[PDB]
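Single chain ahead, written as C-alpha cells, the form deposited in one PDB entry.
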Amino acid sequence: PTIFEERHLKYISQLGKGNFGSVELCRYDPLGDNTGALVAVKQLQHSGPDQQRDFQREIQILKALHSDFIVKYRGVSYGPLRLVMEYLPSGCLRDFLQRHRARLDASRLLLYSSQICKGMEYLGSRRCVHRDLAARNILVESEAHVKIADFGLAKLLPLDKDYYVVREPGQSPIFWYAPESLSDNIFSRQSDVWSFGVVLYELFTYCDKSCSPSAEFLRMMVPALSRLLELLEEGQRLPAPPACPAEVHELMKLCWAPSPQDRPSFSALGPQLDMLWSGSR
C-alpha cells in the first residue's frame, strides 16, 4: 500500500544506524503467516524538534523521487513516524565490492559508475543535493544494477540559490568532503561531484580497506580536518587506484578541481563514462 499499519510490520533484524535513525529489516505481514514481503523500515530513535522535521523532509524528498538508480520509496506508517522502503538483500555496495572483487572487471565498475552518475544527474535536476555520497550509501539491486540510498542528510536547494550552508559541523568521515565543505560547510550539486570522485576511487579500489580514502590521507600524513584542508589546498590528491585505467583517474582528478565551478556536471560525466564502458568492451 502507500500506508502501512504498524501492527502488520514485523521485525527481523538491524540493517543500519545513522545520526539518530535506524533502518530495520521487517516483514510486512497482514496475514501473520510469514508469507508477506520484505521491507526496509527507517525510524528515528530520538523525539526532539529539528531531527523530526528533518526526517519528515527526507520522506517528502524520497517520495518525490522516481528513478531506477534511486532507492525506492514504498510508503509510510504512523503511531499517533516510519519510512518504508524497498529492500535490497545484496545490501551495501562497499561490502559487495569487497566480496565479489574477483568477479568484477573494469566494465562493471564503469557500469556502476554510469548508473550512479545517472542517478545523481536526476537528483541534481530535482534541486536535490545528497550531501553524503559514498560507497557505503549505495545499494545493490543486482550484480548489474546499483541505487543511491541514505537521504538522511539530503537538502533541497531553494529556487534562488545553488548552495547550502550547514551551521554545525559534519559528522561523516572527512575524506569524502569537498574543500568548501571542510572550510565553510558549503554543500552543493558540485560538492556532490567532489564526493562522486571519491566513490569512483572506491569502485576502483573495490573499497579495499588497506588503500581506502582514510588509509591514504593517513599515509599522506594538528587537527585532522585542518591537515586534510592543507593537503587538498597544496593540490595533493588520492593516487590512481592499483590497476586503475588512466582515463578514469583523470575523471576523478577532474571531479577534484579546487573550485566547485571547474568541476564537471553529472550530465557532462555521464557520456564520458558511457564511452569508457564501451571502451574496455
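Numbering starts at 1 and follows the sequence shown.
There is also a form solved in complex with a small molecule; it is not shown, and the following applies to it.
Chemist: Note which of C244, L232, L254, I61 lies within 4.5 Å of the small molecule in the bound PDB entry, where distance is taken over heavy atoms; exactly one does.
Modeler: In short, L232.
Chemist: Counting any non-hydrogen atom inside 4.5 Å, which residue from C117, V198, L110, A154 sits next to the small molecule in the bound PDB entry?
Modeler: The residue from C117, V198, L110, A154 that makes the contact is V198.
Chemist: Going by heavy atoms within 4.5 Å, which of 101-109, 162-170, 118-126, 190-198 lines up against the small molecule in the bound PDB entry?
Modeler: Residues of 190-198 come within 4.5 Å of the partner.
Chemist: Can you tell me if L225 lies within 4.5 angstroms of the small molecule in the bound PDB entry, counting non-hydrogen atoms only?
Modeler: Outside the cut-off, so no.
Chemist: Is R237 one of the residues lying within 4.5 Å of the small molecule in the bound PDB entry, judged by heavy atom distances?
Modeler: Yes, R237 is a contact residue.
Chemist: Wondering, does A37 line up within 4.5 Å of the small molecule in the bound PDB entry on heavy atoms?
Modeler: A37 lies outside the contact set for the small molecule.
Chemist: In the bound PDB entry, does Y206 have a heavy atom within 4.5 Å of the small molecule?
Modeler: No, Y206 stays farther than 4.5 Å from the small molecule in the bound PDB entry.
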